[PDB]
Amino acid sequence: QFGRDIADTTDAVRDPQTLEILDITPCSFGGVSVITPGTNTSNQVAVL
Amino acid sequence: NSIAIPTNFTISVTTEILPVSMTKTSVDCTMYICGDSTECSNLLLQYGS
Amino acid sequence: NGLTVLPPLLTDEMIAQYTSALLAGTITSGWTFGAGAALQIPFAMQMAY
Ligand SMILES: *[C@@H]1O[C@H](CO)[C@@H](O)[C@H](O)[C@H]1NC(C)=O
Ligand SMILES: *[C@@H]1O[C@H](CO)[C@@H](O)[C@H](O)[C@H]1NC(C)=O
């Protein structure tokens with residue numbers, strides 16, 4: 001029925017009605033950064 | 001009164017390996033401690049910096 | 001799980017452009033390229049120095 005991952009967090013499930021299999025992909029997608037000259041020097045900034 | 005003088009040489013190449021750096025890691029504390037759970041983010045917020 | 005590995009500032013193709021400029025100065029200049037303007041000198045005539 002249930003697929004648990006290496007960290008013992010569920011990721012693949014069996015539908016309780018269609019008896020099919022679904023895969024779960026958590027989505028937060030992190031890692032932003034703010035390239036900036038000195039705020040004194042200017043305001044223009046670039047995201048990464 | 002007895003000395004020993006070399007008469008023929010030998011040029012040898014050695015090797016030496018030195019670490020210089022290591023992989024630059026970075027962990028997202030909130031995303032790891034309790035990720036994708038807004039019901040835990042508030043609880044962790046008060047836990048300190 | 002938020003565990004990221006960033007890439008180094010110096011790529012593995014820029015390192016090879018230093019350690020091939022640290023190796024064409026020793027061959028053709030000797031101990032001088034690291035102490036001012038590099039001065040050429042025949043290779044044999046530097047091994048003898
Ligand atoms: C469960 O019920 C739904 C709606 O009645 C139906 O479409 C589905 O085929 C049913 N599944 C099973 C395994 O009975
Ligand atoms: C701030 O910027 C102004 C003009 O850009 C400059 O005259 C001043 O020295 C700067 N001061 C600091 C602390 O960066």
# chains A, B, ... in the order shown; residues from 1 in each chain; ligands from 1
$ residues_near_ligand --ligand "ligand 2" --cutoff "10 Å" --atoms "only C-alpha atoms and all ligand atoms" --output "VMD selection string"
chain A and resid 38 to 42
$ write_last_selection --atoms "N, CA, C and O atoms" --output "PDB file, in the first residue's frame"
ATOM      1  N   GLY A  38      25.734  48.519  -2.542  1.00  0.00           N
ATOM      2  CA  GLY A  38      25.392  49.154  -1.287  1.00  0.00           C
ATOM      3  C   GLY A  38      24.102  49.936  -1.397  1.00  0.00           C
ATOM      4  O   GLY A  38      23.928  50.714  -2.339  1.00  0.00           O
ATOM      5  N   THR A  39      23.179  49.725  -0.455  1.00  0.00           N
ATOM      6  CA  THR A  39      21.905  50.432  -0.495  1.00  0.00           C
ATOM      7  C   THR A  39      22.128  51.937  -0.520  1.00  0.00           C
ATOM      8  O   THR A  39      21.331  52.690  -1.089  1.00  0.00           O
ATOM      9  N   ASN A  40      23.223  52.388   0.089  1.00  0.00           N
ATOM     10  CA  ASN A  40      23.635  53.774  -0.062  1.00  0.00           C
ATOM     11  C   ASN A  40      23.924  54.106  -1.518  1.00  0.00           C
ATOM     12  O   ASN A  40      23.514  55.155  -2.023  1.00  0.00           O
ATOM     13  N   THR A  41      24.639  53.218  -2.210  1.00  0.00           N
ATOM     14  CA  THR A  41      25.052  53.512  -3.577  1.00  0.00           C
ATOM     15  C   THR A  41      23.853  53.594  -4.512  1.00  0.00           C
ATOM     16  O   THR A  41      23.781  54.481  -5.370  1.00  0.00           O
ATOM     17  N   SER A  42      22.899  52.681  -4.360  1.00  0.00           N
ATOM     18  CA  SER A  42      21.717  52.681  -5.212  1.00  0.00           C
ATOM     19  C   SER A  42      20.676  51.750  -4.610  1.00  0.00           C
ATOM     20  O   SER A  42      20.846  51.215  -3.512  1.00  0.00           O
TER      21      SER A  42
END
$ residues_near_ligand --ligand "ligand 1" --cutoff "12 Å" --atoms "only C-alpha atoms and all ligand atoms" --output "PyMOL selection string"
chain A and resi 14-20
$ write_last_selection --atoms "N, CA and C atoms" --output "PDB file, in the first residue's frame"
ATOM      1  N   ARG A  14      -1.424   4.612  -2.473  1.00  0.00           N
ATOM      2  CA  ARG A  14      -2.425   3.887  -3.252  1.00  0.00           C
ATOM      3  C   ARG A  14      -3.769   4.563  -3.026  1.00  0.00           C
ATOM      4  N   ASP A  15      -4.423   4.953  -4.115  1.00  0.00           N
ATOM      5  CA  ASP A  15      -5.720   5.609  -4.037  1.00  0.00           C
ATOM      6  C   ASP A  15      -6.736   4.687  -3.378  1.00  0.00           C
ATOM      7  N   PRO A  16      -7.486   5.173  -2.396  1.00  0.00           N
ATOM      8  CA  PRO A  16      -8.397   4.291  -1.658  1.00  0.00           C
ATOM      9  C   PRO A  16      -9.653   3.944  -2.436  1.00  0.00           C
ATOM     10  N   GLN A  17      -9.824   4.542  -3.609  1.00  0.00           N
ATOM     11  CA  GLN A  17     -10.984   4.279  -4.450  1.00  0.00           C
ATOM     12  C   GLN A  17     -10.625   3.684  -5.800  1.00  0.00           C
ATOM     13  N   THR A  18      -9.682   4.283  -6.522  1.00  0.00           N
ATOM     14  CA  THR A  18      -9.278   3.795  -7.831  1.00  0.00           C
ATOM     15  C   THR A  18      -8.200   2.727  -7.753  1.00  0.00           C
ATOM     16  N   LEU A  19      -7.639   2.491  -6.566  1.00  0.00           N
ATOM     17  CA  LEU A  19      -6.611   1.469  -6.355  1.00  0.00           C
ATOM     18  C   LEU A  19      -5.395   1.696  -7.250  1.00  0.00           C
ATOM     19  N   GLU A  20      -5.221   2.925  -7.720  1.00  0.00           N
ATOM     20  CA  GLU A  20      -4.061   3.295  -8.510  1.00  0.00           C
ATOM     21  C   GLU A  20      -2.945   3.749  -7.576  1.00  0.00           C
TER      22      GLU A  20
END
$ residues_around --residues "residue B:27" --least-positions-apart "5" --cutoff "12 Å" --atoms "only C-alpha atoms" --output "PyMOL selection string"
(chain A and resi 30-31) or (chain B and resi 32-33) or (chain C and resi 1-6)
$ write_last_selection --atoms "N, CA and C atoms" --output "PDB file, in the first residue's frame"
ATOM      1  N   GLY A  30      13.416  26.178  -2.793  1.00  0.00           N
ATOM      2  CA  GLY A  30      14.067  27.298  -2.150  1.00  0.00           C
ATOM      3  C   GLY A  30      15.307  27.776  -2.880  1.00  0.00           C
ATOM      4  N   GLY A  31      16.032  28.669  -2.208  1.00  0.00           N
ATOM      5  CA  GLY A  31      17.311  29.141  -2.698  1.00  0.00           C
ATOM      6  C   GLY A  31      17.307  30.429  -3.497  1.00  0.00           C
TER       7      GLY A  31
ATOM      8  N   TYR B  32      14.049  22.066   6.852  1.00  0.00           N
ATOM      9  CA  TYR B  32      14.498  20.776   7.358  1.00  0.00           C
ATOM     10  C   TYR B  32      13.848  20.429   8.691  1.00  0.00           C
ATOM     11  N   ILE B  33      13.825  21.377   9.631  1.00  0.00           N
ATOM     12  CA  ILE B  33      13.303  21.098  10.968  1.00  0.00           C
ATOM     13  C   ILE B  33      11.847  20.674  10.888  1.00  0.00           C
TER      14      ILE B  33
ATOM     15  N   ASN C   1      15.114  18.130   0.886  1.00  0.00           N
ATOM     16  CA  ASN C   1      15.175  18.508   2.289  1.00  0.00           C
ATOM     17  C   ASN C   1      15.961  19.789   2.526  1.00  0.00           C
ATOM     18  N   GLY C   2      16.108  20.632   1.511  1.00  0.00           N
ATOM     19  CA  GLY C   2      16.755  21.914   1.680  1.00  0.00           C
ATOM     20  C   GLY C   2      18.261  21.876   1.779  1.00  0.00           C
ATOM     21  N   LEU C   3      18.886  20.735   1.517  1.00  0.00           N
ATOM     22  CA  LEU C   3      20.334  20.597   1.590  1.00  0.00           C
ATOM     23  C   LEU C   3      20.908  20.901   0.213  1.00  0.00           C
ATOM     24  N   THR C   4      21.580  22.040   0.086  1.00  0.00           N
ATOM     25  CA  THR C   4      22.104  22.508  -1.184  1.00  0.00           C
ATOM     26  C   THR C   4      23.625  22.487  -1.169  1.00  0.00           C
ATOM     27  N   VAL C   5      24.199  22.178  -2.326  1.00  0.00           N
ATOM     28  CA  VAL C   5      25.640  22.207  -2.527  1.00  0.00           C
ATOM     29  C   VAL C   5      25.923  23.229  -3.614  1.00  0.00           C
ATOM     30  N   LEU C   6      26.537  24.340  -3.237  1.00  0.00           N
ATOM     31  CA  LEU C   6      26.815  25.420  -4.163  1.00  0.00           C
ATOM     32  C   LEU C   6      28.064  25.118  -4.982  1.00  0.00           C
TER      33      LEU C   6
END
$ atom_distance --atom1 "atom CA of residue A:43" --atom2 "atom CA of residue A:29"
26.4 Å
$ atom_distance --atom1 "atom CA of residue B:35" --atom2 "atom CA of residue A:25"
12.7 Å
$ residues_around --residues "residue C:43" --least-positions-apart "2" --cutoff "9 Å" --atoms "only C-alpha atoms" --output "ChimeraX atom specification"
/C:27-30,40-41,45-48
$ write_last_selection --atoms "N, CA, C and O atoms" --output "PDB file, in the first residue's frame"
ATOM      1  N   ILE C  27      59.566  27.233 -15.747  1.00  0.00           N
ATOM      2  CA  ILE C  27      60.382  26.639 -16.794  1.00  0.00           C
ATOM      3  C   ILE C  27      61.226  27.684 -17.505  1.00  0.00           C
ATOM      4  O   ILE C  27      62.390  27.431 -17.832  1.00  0.00           O
ATOM      5  N   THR C  28      60.681  28.875 -17.737  1.00  0.00           N
ATOM      6  CA  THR C  28      61.325  29.854 -18.605  1.00  0.00           C
ATOM      7  C   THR C  28      61.833  31.077 -17.852  1.00  0.00           C
ATOM      8  O   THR C  28      62.518  31.917 -18.431  1.00  0.00           O
ATOM      9  N   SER C  29      61.509  31.211 -16.571  1.00  0.00           N
ATOM     10  CA  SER C  29      61.990  32.375 -15.839  1.00  0.00           C
ATOM     11  C   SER C  29      62.686  31.989 -14.544  1.00  0.00           C
ATOM     12  O   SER C  29      63.656  32.634 -14.141  1.00  0.00           O
ATOM     13  N   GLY C  30      62.195  30.954 -13.877  1.00  0.00           N
ATOM     14  CA  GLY C  30      62.832  30.487 -12.663  1.00  0.00           C
ATOM     15  C   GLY C  30      62.277  31.096 -11.394  1.00  0.00           C
ATOM     16  O   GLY C  30      61.062  31.205 -11.222  1.00  0.00           O
ATOM     17  N   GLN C  40      63.675  35.956 -18.625  1.00  0.00           N
ATOM     18  CA  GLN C  40      63.931  34.657 -19.227  1.00  0.00           C
ATOM     19  C   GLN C  40      65.371  34.237 -18.982  1.00  0.00           C
ATOM     20  O   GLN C  40      66.234  35.058 -18.664  1.00  0.00           O
ATOM     21  N   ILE C  41      65.624  32.943 -19.128  1.00  0.00           N
ATOM     22  CA  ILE C  41      66.953  32.376 -18.920  1.00  0.00           C
ATOM     23  C   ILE C  41      66.930  30.959 -19.477  1.00  0.00           C
ATOM     24  O   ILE C  41      65.949  30.237 -19.260  1.00  0.00           O
ATOM     25  N   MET C  45      70.797  26.531 -18.180  1.00  0.00           N
ATOM     26  CA  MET C  45      71.539  27.516 -17.418  1.00  0.00           C
ATOM     27  C   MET C  45      70.799  27.971 -16.165  1.00  0.00           C
ATOM     28  O   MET C  45      71.355  28.739 -15.375  1.00  0.00           O
ATOM     29  N   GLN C  46      69.573  27.512 -15.938  1.00  0.00           N
ATOM     30  CA  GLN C  46      68.986  27.750 -14.626  1.00  0.00           C
ATOM     31  C   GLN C  46      69.061  26.537 -13.727  1.00  0.00           C
ATOM     32  O   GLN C  46      69.174  26.689 -12.511  1.00  0.00           O
ATOM     33  N   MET C  47      69.022  25.329 -14.285  1.00  0.00           N
ATOM     34  CA  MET C  47      69.228  24.168 -13.437  1.00  0.00           C
ATOM     35  C   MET C  47      70.614  24.183 -12.826  1.00  0.00           C
ATOM     36  O   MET C  47      70.771  23.808 -11.661  1.00  0.00           O
ATOM     37  N   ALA C  48      71.607  24.651 -13.570  1.00  0.00           N
ATOM     38  CA  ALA C  48      72.944  24.838 -13.045  1.00  0.00           C
ATOM     39  C   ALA C  48      73.035  25.957 -12.026  1.00  0.00           C
ATOM     40  O   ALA C  48      74.028  26.027 -11.299  1.00  0.00           O
TER      41      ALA C  48
END
$ select_by_dssp --residues "chain C" --states "strand (DSSP E)" --output "list in words"
residues 3, 4, 5 and 6 of chain C
$ atom_distance --atom1 "atom CA of residue B:11" --atom2 "atom CA of residue C:17"
28.3 Å
$ interface_residues --of "chain B" --to "chain A" --cutoff "9 Å" --atoms "only C-alpha atoms" --output "JSON, numbers by chain"
{"B": [28, 31, 35, 36]}
$ closest_residue --among "C:44, C:24, C:9, C:38" --to "chain B" --atoms "only C-alpha atoms"
C:9
$ residues_around --residues "residue A:46" --least-positions-apart "6" --cutoff "9 Å" --atoms "only C-alpha atoms" --output "list in words"
residues 33, 34, 35 and 36 of chain A
$ select_by_dssp --residues "chain C" --states "helix (DSSP H, G or I)" --output "PDB file with N, CA and C atoms, in the first residue's frame"
ATOM      1  N   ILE C  15      41.220  26.859 -12.738  1.00  0.00           N
ATOM      2  CA  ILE C  15      42.352  26.372 -11.965  1.00  0.00           C
ATOM      3  C   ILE C  15      43.466  25.921 -12.893  1.00  0.00           C
ATOM      4  N   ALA C  16      43.114  25.225 -13.967  1.00  0.00           N
ATOM      5  CA  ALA C  16      44.099  24.769 -14.935  1.00  0.00           C
ATOM      6  C   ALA C  16      44.751  25.909 -15.699  1.00  0.00           C
ATOM      7  N   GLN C  17      44.190  27.113 -15.659  1.00  0.00           N
ATOM      8  CA  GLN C  17      44.819  28.260 -16.289  1.00  0.00           C
ATOM      9  C   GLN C  17      45.708  29.037 -15.337  1.00  0.00           C
ATOM     10  N   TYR C  18      45.684  28.720 -14.045  1.00  0.00           N
ATOM     11  CA  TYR C  18      46.708  29.198 -13.128  1.00  0.00           C
ATOM     12  C   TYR C  18      47.878  28.239 -13.022  1.00  0.00           C
ATOM     13  N   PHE C  43      66.904  27.089 -20.019  1.00  0.00           N
ATOM     14  CA  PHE C  43      66.554  26.151 -18.959  1.00  0.00           C
ATOM     15  C   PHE C  43      67.781  25.479 -18.370  1.00  0.00           C
ATOM     16  N   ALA C  44      68.665  24.955 -19.218  1.00  0.00           N
ATOM     17  CA  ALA C  44      69.876  24.344 -18.691  1.00  0.00           C
ATOM     18  C   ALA C  44      70.582  25.296 -17.741  1.00  0.00           C
ATOM     19  N   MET C  45      70.797  26.531 -18.180  1.00  0.00           N
ATOM     20  CA  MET C  45      71.539  27.516 -17.418  1.00  0.00           C
ATOM     21  C   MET C  45      70.799  27.971 -16.165  1.00  0.00           C
ATOM     22  N   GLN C  46      69.573  27.512 -15.938  1.00  0.00           N
ATOM     23  CA  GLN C  46      68.986  27.750 -14.626  1.00  0.00           C
ATOM     24  C   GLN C  46      69.061  26.537 -13.727  1.00  0.00           C
ATOM     25  N   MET C  47      69.022  25.329 -14.285  1.00  0.00           N
ATOM     26  CA  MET C  47      69.228  24.168 -13.437  1.00  0.00           C
ATOM     27  C   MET C  47      70.614  24.183 -12.826  1.00  0.00           C
TER      28      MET C  47
END
